[PDB]
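Quick note, the sequences are listed as chains E, H, G, F, C and B, same order.
The end of the first sequence is residue 258 by the authors' numbering, with every number in the run present.
The end of the second sequence is residue 259 by the authors' numbering, with every number in the run present.
The end of the third sequence is residue 267 by the authors' numbering, with every number in the run present.
The end of the fourth sequence is residue 267 by the authors' numbering, with every number in the run present.
The end of the fifth sequence is residue 97 by the authors' numbering, with every number in the run present.
The end of the sixth sequence is residue 98 by the authors' numbering, with every number in the run present.
Here is the structure we will look at.
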Amino acid sequence: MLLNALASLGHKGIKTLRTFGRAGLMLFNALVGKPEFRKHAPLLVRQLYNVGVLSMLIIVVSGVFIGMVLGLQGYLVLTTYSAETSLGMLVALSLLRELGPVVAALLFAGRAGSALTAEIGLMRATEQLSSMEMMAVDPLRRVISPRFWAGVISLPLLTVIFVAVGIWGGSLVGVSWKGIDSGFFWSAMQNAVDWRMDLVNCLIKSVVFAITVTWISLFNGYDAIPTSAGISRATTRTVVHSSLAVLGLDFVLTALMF
Amino acid sequence: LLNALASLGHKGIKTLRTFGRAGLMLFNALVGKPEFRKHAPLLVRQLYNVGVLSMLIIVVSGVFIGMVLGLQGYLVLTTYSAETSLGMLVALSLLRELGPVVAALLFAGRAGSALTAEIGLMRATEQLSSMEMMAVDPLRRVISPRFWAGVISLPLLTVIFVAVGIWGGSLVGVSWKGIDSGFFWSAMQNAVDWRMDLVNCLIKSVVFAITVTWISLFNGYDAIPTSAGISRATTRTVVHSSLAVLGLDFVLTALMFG
Amino acid sequence: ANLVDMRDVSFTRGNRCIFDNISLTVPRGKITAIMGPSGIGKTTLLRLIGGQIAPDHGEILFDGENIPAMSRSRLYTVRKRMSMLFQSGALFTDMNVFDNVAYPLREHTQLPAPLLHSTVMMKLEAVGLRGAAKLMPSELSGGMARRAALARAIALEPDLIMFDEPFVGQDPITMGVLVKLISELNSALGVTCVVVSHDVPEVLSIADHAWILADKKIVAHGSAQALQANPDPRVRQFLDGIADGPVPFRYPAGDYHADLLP
Amino acid sequence: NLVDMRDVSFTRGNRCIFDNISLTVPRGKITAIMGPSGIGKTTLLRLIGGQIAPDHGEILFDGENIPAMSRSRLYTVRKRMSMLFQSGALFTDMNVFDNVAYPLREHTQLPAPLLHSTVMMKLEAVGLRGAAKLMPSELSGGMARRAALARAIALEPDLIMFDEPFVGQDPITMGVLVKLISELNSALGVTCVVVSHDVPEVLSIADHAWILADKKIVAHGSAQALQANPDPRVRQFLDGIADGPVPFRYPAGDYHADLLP
Amino acid sequence: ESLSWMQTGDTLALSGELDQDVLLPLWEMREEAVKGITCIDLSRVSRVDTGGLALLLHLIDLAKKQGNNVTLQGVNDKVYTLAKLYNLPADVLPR
Amino acid sequence: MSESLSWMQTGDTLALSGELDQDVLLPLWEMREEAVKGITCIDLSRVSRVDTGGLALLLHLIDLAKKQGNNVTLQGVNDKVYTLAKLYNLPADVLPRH
Ligand SMILES: CCCCCCCC/C=C\CCCCCCCC(=O)O[C@H](COC(=O)CCCCCCC/C=C/CCCCCCCC)COP(=O)(O)OCCN
């Protein structure tokens, strides 16, 4: 038992340690080197469509569904004291502290996180990454490098669309439906939010969550086995490992700043 | 008018037969001869990869959302003398909106993507076509036990997400920052009531379990039998379920909660 | 007598056509080989006999009884007498090879557990996979996956085994196994075998009536020995492994003076 | 001279692939390294290009060594190999005209009116000139390997490595892929290393043959000398039978405990 | 169609057809027929598949426990053509 | 280095010397307007390696000469040019065999 339980737990300890070692060497060999700003310029805009533009449909129509639920649940419990000057706080304050960059990250890891894993894993099964390094520059700085920088730009940009629609989505259950004198909705909601606490602090969480999502989404598609079942297995592990990295770092950033 | 400007076509006929294909897939898998002893080992076997294997991403993530609900529920109630109502914010949020919606997004990410990959790999290797040849229906063999497994797992996984998230708020609210346990549980036990917080949490957990399982079993059945059709249907499962869980969350809150 | 006789069907799949007018008869106790080029509906041809799909024009019968003009309960009664296999070796992943072969005769027949254990080992010995009964289908190779599906196909004692293009990409050691397996099961069990593979020098040694399926027509209906003396350009180009012929390989499209030197 | 390895030994973590093998082919001669399925025929060509490092051994390539050079020296040697793969190694985001010009748009200094005339005659040699604007998803299995053959001859290589060609194709397009190697060798001149398993389709144009059995090279020779060779392992692969060194049965017990317990 | 055996004590005259659905009256009531016979008759059978061959070998192996040498007389050609296909060894099916 | 062209113009004679590679075509691509101005004599005798890169510019010096009505021919060309014409299937009136 002593030679069997330690050997089974010791085999998984090296394989876990070798997993992070391959992810560190993949990101280091994809960011440094010679500057190729003139060659990656048509490659960055091409990878900005399936990351930022194609993921805009899952955020815009879901942005009015977040604010309509949050605006309706945050109204009937605030009528016991004052119906006016409500719903500016607890909606815009909640969409800049916990909601927002966390909720958009679960939509980024499900739509764009699962697509970037299945795209690199399909090219590995059809022998496209091995064929590129056998005749030209290796694909670590050719197809992985424009896909990593496209995720750290779109997800901070898509969070601003998720906030502004969800703020306007909360202004539909308060205005023209059980109205709360919407002149009081403004010039007091702006007094609660400020810079470096709600506006800039929302952009801090967006850059951090964009790195830890696109790192696992580009590593599971790179370390998968070239078969039909290895791509579907790495697609499931992308949504699992990113949900534990967004909700896990949500406790990290809340206790540090707030 | 006859060209793609007004009568562009393939949008009223198409994407409407798929609704008819999804309706015939569930009606022919649930209505038939009663086979209780035959599907009795199939229900227990398909409960491990649906309910048991999805319990890992709920227990460790229930304390992640449960602790940030207590961190954000402290500093916003300092100047309102609501320190004794610390369980007023944690319990009411995790029983109305958080809970059955957040666990459904984790069910669509882990169990929703795995059910699409399982049936999609069977059609790629022609396992369902070879099962159909030997005088048995493949609809009431692998789809019917997978449907009833996913229906009964999500309300049984929501109550785990509630009890861990409430206990996650007790580790950051009662143990830390010095709040009395007699004042904490008095804002939870005899403050909220039955049929608004307990029954309605289990009502929407069943409807979210039907909608997620119906989408995950249709994309795995109506797919292209190749290496790229399984990865495309795995991505479309998370998109169609996130717009159906959050879309019905505004629909289901019309009757309950005022 | 015959079994199917392949009445005139079309099966137009909306955009492109699959068959125009075909007549591929299947005699009882023989080896009907239907060879043709890739890219055409050779896989979906066996689905018309089993009854998984329905054609548009005409009909197709099986031992006198019509396949599309029958009830759903009667179609499942006659489908267990075929037990066709596929190219990829369709085996269940959750169970091993022992419960794979013991799958059709468990829910259909009422053999007990000592009689069931003495039945799977008979079929696994004929294919040479008895010791691998406690092995997973995922760790098996591509050659042994087809032999495990052949023992599963002879579980319910069928009458028309349809081989959906066997030994398409295997090594010649395994290619010499599956040829000998049809020659020892057709003479002993007396079951009709249908092979739709395109390997010309391999299935012609065991077939009794070859069939050439090219350009959605029936251009040849000779035997295995009369096929080599057929004066036709569409048949001679498919056989013997030549490059040029009636099938264009240069892909003629556009002028060469327009693309070159613009 | 020889351009392949001399004596290598590749060994994985659990199983072994090669054990003291030797490959020798003159320049401009087509060789055929044959072998059954399951063995590492795909990873044999990866040791020449330098994708993985062997355990014990060296690969001699024109007086150099593949696992001993640096990363900048490996990219210079890799500009004249252009290894062709089994499946379609074509980029789905580009068409056929941009796939063949993809080694030409980053290595050559040809201008835009001159590059359009180079790709249009490279596709005429493989018979895919009219399909230059089509997508690789629209191509079939036979036309996907012919489009990669025109990409392989873009940078004028010296050692083309074919990784299992015409493995599952019809004999109509199988004879075209055999004929395409004969025009790319008798008119231009290039050493072709083709690994396969089918006997009568590779022993027609290749001047040398190699048989690999039990992780070792058991025989060699030519296309005519391999027929008259008395050996139990060679005569089982060529003219494939059921008996021989393969015992035709899985290793089992007594046939009295499983059957009739 | 039936599998009624004419067991008088020295012949085991098995009549009918050996299919995969009529083995139930013979498999359960098998202990009262291997009582020192040294004989199995198969003259009134014509369809012996692999399901009926498993019940045929069960009657011979239980005879070897009590020391009975089974001699098959009047056997059909379907039994011998399946023994070479399934690779049946000696001392379990006498030729 | 061996990669050079060093073309010489004697009015109506273009003696393409050196080696027709894929990288030395740029001095001749910009100076191709003077090599079609009434030449009718294309000489390739001091070449040893004519690949598909140099063959593309060789077809350009003939087609631009046909716009002005010339009669350019091949005088003492290497055998590596004609064996690549049958591989790439070059038609008539773009590369004369005699
Ligand atoms: C007069 C001043 C009032 C306070 C103003 C400042 C409030 C600042 C609050 C914002 C910062 C903290 C945010 C914490 C996180 C909130 C998120 C949340 O509440 O959940 C929402 C939805 O909201 C709910 O869960 C419903 C909450 C119901 C609350 C019920 C009342 C609670 C009572 C607390 C106050 C006690 C009142 C008694 C009076 C004493 C105090 C005055 C999630 O929406 P989903 O669509 O499910 O997201 C899906 C993707 N994750």
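The C-beta atom is built at its ideal place from N, Cα and C for all residues, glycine as well.
- For residue 161 of chain H, no beta strand (DSSP E) segment is defined; the enclosing uninterrupted segment is the alpha helix (DSSP H) at 145-174.
- Between the alpha carbons of residue 215 of chain H and residue 23 of chain H lies a gap of roughly 8 Å.
- C-alpha of residue 122 of chain F to C-alpha of residue 266 of chain G: approximately 8 Å in a straight line.
- Interface residue (Cβ-Cβ distance to chain F less than 9 Å): residue 94 of chain C is classified as such.
- A straight-line Cα-Cα distance of about 8 Å links residue 187 of chain G and residue 198 of chain G.
- Taking every protein chain shown into account, the CB of residue 31 of chain H has fewer than 16 other CB atoms within 10 angstroms, so this residue is exposed.
- Per the DSSP secondary-structure output, residue 70 of chain G pairs in a beta bridge with G:67.
- Going by beta carbons, residue 139 of chain F and residue 106 of chain F fall outside the 9 Å limit.
- At a cut-off of 9 Å between C-beta atoms, residue 180 of chain F does not count as an interface residue with respect to chain B.
- Across the set H:201, H:170 and H:242, the C-alpha of H:201 shows the shortest separation from the C-alpha of residue 253 of chain H.
- For residue 222 of chain F, the secondary structure class from DSSP, reduced to helix, strand or coil, is strand.
- Judged by the Cβ position, residue 73 of chain E qualifies as a neighbour of ligand 1 at the 8 Å threshold, a heavy atom of the ligand being closer than this.
- When rounded, the separation of the alpha-carbon atoms in residue 173 of chain F and residue 151 of chain F is 11 Å.
- B:94 is the residue among B:20, B:94, B:17 and B:7 whose C-alpha sits nearest the C-alpha of residue 67 of chain B.
- Closer than 9 Å to the CB of residue 261 of chain G there is at least one CB belonging to chain B.
- Bounds of the beta strand (DSSP E) holding residue 167 of chain F are 165-169.
- Residue-level contact by beta carbon fails for residue 149 of chain G and chain C, as no gap is shorter than 9 Å.
- The beta carbon of residue 46 of chain H sits closer than 9 Å to some beta carbon of chain G.
- For residue 75 of chain H, the closest of H:170, H:226 and H:133 by C-alpha to C-alpha distance is H:170.
- Residue side-chain check: residue 104 of chain H keeps its Cβ at 8 Å or more from all non-hydrogen atoms of ligand 1.
- Placement of the Cβ of residue 111 of chain E at a distance of 8 Å or more from every heavy atom of ligand 1 is found.
- Chain-order list of chain G residues neighbouring residue 83 of chain C: 193, by C-beta distance under 7 Å.
- By the CB criterion at 9 Å, residue 105 of chain E and residue 155 of chain E fall inside the cutoff.
- The C-beta separation of residue 189 of chain F from residue 87 of chain B comes to about 6 Å, placing the pair in contact by the 8 Å criterion.
- When secondary structure is reduced to three states using DSSP, residue 198 of chain F falls in the strand class.
- Residue range 15-17 is occupied by the beta strand (DSSP E) that includes residue 17 of chain C.
- Shortest gap from the CB of residue 188 of chain E to any heavy atom of ligand 1: 8 Å or more.
- When C-alpha distances from residue 80 of chain F are compared across F:247, F:212 and F:54, the shortest belongs to F:54.
- The Cβ atoms of residue 73 of chain H and residue 258 of chain E sit closer than 9 Å to each other.
- Residue contact check for residue 57 of chain C against chain G: a CB pair falls below 9 Å.
- Taking a cut-off of 8 Å on C-beta distances, the segment 78-97 of chain H touches the segment 164-180 of chain H, as three or more cross pairs fall below it.
- Between residue 36 of chain F and residue 218 of chain F, the gap from beta carbon to beta carbon reaches 9 Å or more.
- Of all residues in the segment 29-59 of chain E, the ones placed with a Cβ closer than 9 Å to any Cβ belonging to chain H are 57 and 58, in chain order.
- Among the CB atoms of chain G, one or more fall inside 9 Å of the CB of residue 91 of chain B.
- Between residue 213 of chain E and residue 113 of chain E, the gap from beta carbon to beta carbon is short of 9 Å.
- For the options E:40, E:131 and E:21, the alpha carbon positioned closest to that of residue 84 of chain F is the one of E:131.
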